[PDB]
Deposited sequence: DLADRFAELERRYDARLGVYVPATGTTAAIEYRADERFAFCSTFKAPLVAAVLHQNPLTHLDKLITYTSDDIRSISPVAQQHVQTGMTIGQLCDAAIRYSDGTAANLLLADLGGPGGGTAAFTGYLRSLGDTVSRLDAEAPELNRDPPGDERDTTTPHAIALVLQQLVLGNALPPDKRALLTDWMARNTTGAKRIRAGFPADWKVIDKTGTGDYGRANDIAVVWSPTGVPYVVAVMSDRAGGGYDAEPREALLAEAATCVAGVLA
């Protein structure tokens, strides 16, 4: 029984854990706290890039964006390296997904445009995909329970499913998004750690205060059967400085993989 295993992990890591895997041909949906709200953290950057791709011709990826000192307000491993030259939209998408770059995400939000520095248009994009649940309210750089900047494992899984496996994006734009997630550098110790090496994993991570650790993935079996895996967690019991625990997500993913293999 998965629910007992998930509950066991919650006690181990003094955590709240949310899990959703959408149903397939032969597997029922896996769900644990799947309709509870958890902070997006950086996981919004995957649908954000989808929004930017959708909104523009593909050659918009070549548009150079300039930025300066006061735009670097959050963890931005790539954008800090290129502040003196600027970065193209394509480079920003790359950084936002593969390095979870905060500045890159803010600039992409600004590119999408509109009220709240792009957060309203980003939320509008999710609504267009039938997601009435998620909301983005602020930029990089939220107390536990607060509904601002939250999604649910259920909602974000269905969004990722449409983006990667469905037809939310035309194939050419879909492949750009899928490739960036495939080449992600931040996810080795999360969902990836729970699935055997002969399963393909693409993902976008999220990490925050109050022990927040997320990962959203699409995985493929050795025979090419895809599954969407959304795992979210926080550790409110440790306060603001509670350490995020990647191992919680690795273990949750291992339990899921055991059911799907």
* To do: Show which contiguous pieces of the deposited sequence have no C-alpha coordinates, counting from residue 1.
  => 142-145
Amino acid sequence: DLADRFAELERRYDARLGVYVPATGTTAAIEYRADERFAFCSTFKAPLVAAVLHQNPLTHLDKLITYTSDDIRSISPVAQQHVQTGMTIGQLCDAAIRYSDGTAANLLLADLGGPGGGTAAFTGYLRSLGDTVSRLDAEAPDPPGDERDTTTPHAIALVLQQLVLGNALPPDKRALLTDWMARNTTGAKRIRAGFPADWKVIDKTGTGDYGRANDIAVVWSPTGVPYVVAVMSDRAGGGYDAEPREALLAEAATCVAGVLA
From here on, numbers count along this sequence of modelled residues.
* Asked: Looking only at CA atoms, which has the higher mean B factor in the entry: 159-167 or 101-109?
  -> 159-167
* Structure fact -> Per the PDB entry, mean CA B-factor is higher for 219-227 or 61-69, namely for 61-69
* Structure fact -> Of the residues 90, 124, 153, 116, the one whose Cα carries the largest B-factor in the deposited record is 116
* Asked: Taking the values straight from the PDB record, which of 209, 198, 35, 203 has the highest C-alpha temperature factor?
  -> 198
* To do: Ordered by C-alpha B-factor within the chain, which third holds residue 79? Give me lowest, middle or highest, please.
  => highest
* Asked: Among the chain's modelled residues, which third holds the C-alpha B-factor of residue 39?
  -> lowest
* Asked: Split the chain's modelled residues into thirds by Cα B-factor; is residue 181 in the lowest, middle or highest one?
  -> lowest
* **B-factor third for the C-alpha atom of residue 53 within its chain** => middle
* CA B-factor ranking of residue 95, expressed as a third of its chain -> lowest
